[PDB]
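Quick heads-up: it's one chain on its own, the form deposited in one PDB entry, in structure tokens.
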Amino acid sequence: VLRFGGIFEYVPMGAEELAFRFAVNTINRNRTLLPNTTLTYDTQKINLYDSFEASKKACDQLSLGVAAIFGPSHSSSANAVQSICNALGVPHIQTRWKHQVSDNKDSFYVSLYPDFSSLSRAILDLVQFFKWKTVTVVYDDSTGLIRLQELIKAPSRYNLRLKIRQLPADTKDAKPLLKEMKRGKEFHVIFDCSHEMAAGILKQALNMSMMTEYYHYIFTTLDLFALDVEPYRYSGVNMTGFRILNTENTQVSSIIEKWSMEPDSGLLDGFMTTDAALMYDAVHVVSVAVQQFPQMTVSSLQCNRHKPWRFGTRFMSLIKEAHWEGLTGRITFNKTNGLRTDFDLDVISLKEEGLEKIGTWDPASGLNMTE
């Protein structure tokens, strides 16, 4: 019997927090996992973008005695708990993308979120398939540039002429930006934002008769198809994106169901995000690591009192090597970056019947289209 850690936003409850609890409870029930063990956990609710509070709440979970911390979903917060985890030798489990640094030499952490250099290369692979010559990439926050940088420096190695814009704070302030694209005849567009931001801008692009067949939008969000695309079914507009969540598999469909069993924004109700799906998978991927390490026993470690974690290098090694078929498909880590650089995607596009798989992608095979 051992304990896990968790840090989530403070507020109604969070979707990642529920995917975490729900995950350890189905690990308890399921015989195959922990036939001689039981998962308990400790939840901490911190105000995000607060490195200090995240570090303290982290140290409280460390003295309490955890085998791994599932840190916050933010840049600053996650970097703090990542450094504390690397110091005291306790594994850090990130479920989102954060800006990494070459200088940084932390090793006690892994990220289940699909390496975003693989996704940027999948996007341009999709632009190659569409034979696009021009394209306007519009991002939400500045980190978007660091994210899909492999796409930004394609025009230098390729024959591409892409403009690049950004949208302000207000959601509905996207109309002026849309006026400039409409006016600039920029029909091929990539959007770097959350599926919520996306559903919001599509509702405005619609008001600006911008949903014709001339336009073709690609989306960064993997939760693209948790969107109510009903209003744009027969508008003639094309839309494409990726999906790492294998909802095609019924095992995944039933898990998503018992999870959803527990407003007019444009989103569909009763859906599981990839952030929630990645937290659920994280719990399972670390459960298979501890499964191969029956001699595990948490320990009370203090931040002020320097003291590495006993079974750290061993546990972290079993985690970076773990291969697990989860909701998001085959899960494996780049031995160098402990970063998930190899994964399977399903390219999907809007049709007159709705969004549907038109092919697959992956860093290896490249781009396979079911013509």
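The first residue of the sequence shown is number 1, and the count goes up from there. Shifts are known only where both forms have a C-alpha. Note that the rigid core is defined as the largest set of C-alphas that superpose within 1.5 Å between two forms.
* **Count class of deposited residues lacking coordinates, residue 262 to residue 263** => 4 to 9 residues are missing.
* Mean C-alpha B-factor higher for 279 to 287, or for 169 to 177? -> Higher mean C-alpha B-factor: 169 to 177.
* To do: Quick one: say whether 58 to 66 or 303 to 311 has the higher mean Cα B-factor in the deposited entry.
  => It is 303 to 311 that shows the higher mean C-alpha B-factor.
* To do: Name the one of 203, 161, 147, 105 with the greatest CA B-factor according to the PDB entry.
  => Spelled out: the listed residue with the top C-alpha B-factor is 105.
* Asked: Taking the Cα B-factors listed in the entry, which of 213, 248, 196, 141 comes out highest?
  -> Result of the comparison over 213, 248, 196, 141: 248.
* Asked: Which third of the chain holds residue 295 when residues are ordered by C-alpha B factor: lowest, middle or highest?
  -> Highest third - that is where residue 295 ends up once the chain's C-alpha B-factors are sorted.
* Ranked against its chain, the third holding the CA B-factor of residue 17 -> CA B-factor rank for residue 17: middle third.
* Modelled-residue ranking by C-alpha temperature factor, third containing residue 121 -> Lowest third, going by the recorded CA B-factors of the chain.
* When the modelled residues of the chain are sorted by Cα temperature factor, does residue 241 land in the lowest, middle or highest third? -> CA B-factor rank for residue 241: lowest third.
* Taking the chain's C-alpha temperature factors as the reference, tell me which third residue 257 falls into: lowest, middle or highest. => CA B-factor rank for residue 257: middle third.
In what follows, reference is made to the form deposited in another entry, a form of this protein that is not presented.
* Which listed residue, 166, 143, 207, 149, is the one whose CA shifts 2 angstroms or more between the shown form and the other one with the rigid core aligned? -> Comparing the C-alpha positions, the one residue that moves 2 Å or more is 143.
* With the rigid core superposed, can you list, in sequence order, the 3+ residue stretches whose C-alpha atoms all shift 2 Å or more between the shown form and the other one? -> Once the cores are aligned, runs 142 to 144, 169 to 173 are those whose C-alphas move by at least 2 Å.
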